[PDB]
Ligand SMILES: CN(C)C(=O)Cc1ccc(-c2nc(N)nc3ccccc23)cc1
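In the form deposited without the ligand, a lone chain appears below as structure tokens.
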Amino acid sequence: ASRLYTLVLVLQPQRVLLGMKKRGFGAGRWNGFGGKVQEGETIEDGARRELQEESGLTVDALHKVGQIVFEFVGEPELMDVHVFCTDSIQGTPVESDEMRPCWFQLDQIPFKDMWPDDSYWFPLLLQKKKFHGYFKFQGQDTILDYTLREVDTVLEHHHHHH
């Protein structure tokens, strides 16, 4: 069994918009925008939906930048995380109950305040490289093992319900 998720990085020439989880799981960490793809929606519509809900932003285009798989100890569920980035946004960023957007200069990324896997694949995203990655987690804060690879084109999964 896997669970289908999206993550969207709003990435501009000198800056990246992250959001601070205000409540819930992972509260107090900065991350990209996204969440679970629900039944009855496509991955890309779920990505657009979560970004609109969490930041109030609309996007003209999303670029498929990567795939990450998360495995946890104790959970048979795997997470299939489809990563996107976008340069072209409209609206002004405003917080939801769940998330508060804030801009960071690209050399000021707060990796100590983000999830540990971000230290690995965020550099590739910031180099405009496409990637596949896998991270085996223990609890919240501990990567047990991982693999990461750059790729030329990204990985179509052909989800036929999404």
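Quick note: we count residues from 1 along the sequence shown, nothing fancier.
Unshown form solved in complex with the ligand; subsequent notes refer to it.
Asker: If we define contact as a non-hydrogen atom of the residue within 4.5 angstroms of the partner, is residue 44 a contact of the ligand in the bound PDB entry?
Answerer: No, no contact at 4.5 Å.
Asker: Using 4.5 Å between non-hydrogen atoms, is residue 93 touching the ligand in the bound PDB entry?
Answerer: No, residue 93 sits far enough from the ligand in the bound PDB entry that none of its heavy atoms falls within 4.5 Å.
Asker: My question is simply whether residue 121 lines the interface with the ligand in the bound PDB entry - judged by any non-hydrogen atom within 4.5 Å.
Answerer: Residue 121: yes, in contact with the ligand in the bound PDB entry.
Asker: Contact with the ligand in the bound PDB entry for residue 52, defined as at least one heavy atom pair within 4.5 Å: yes or no?
Answerer: Because no heavy atom of residue 52 falls inside 4.5 Å of the ligand in the bound PDB entry, the answer is no.
Asker: If we check the ligand in the bound PDB entry, which of the residues in 18-47 reach within 4.5 angstroms of it by a non-hydrogen atom?
Answerer: Stretch hits, in order: 21, 25, 31, 32, 33, 34, 35.
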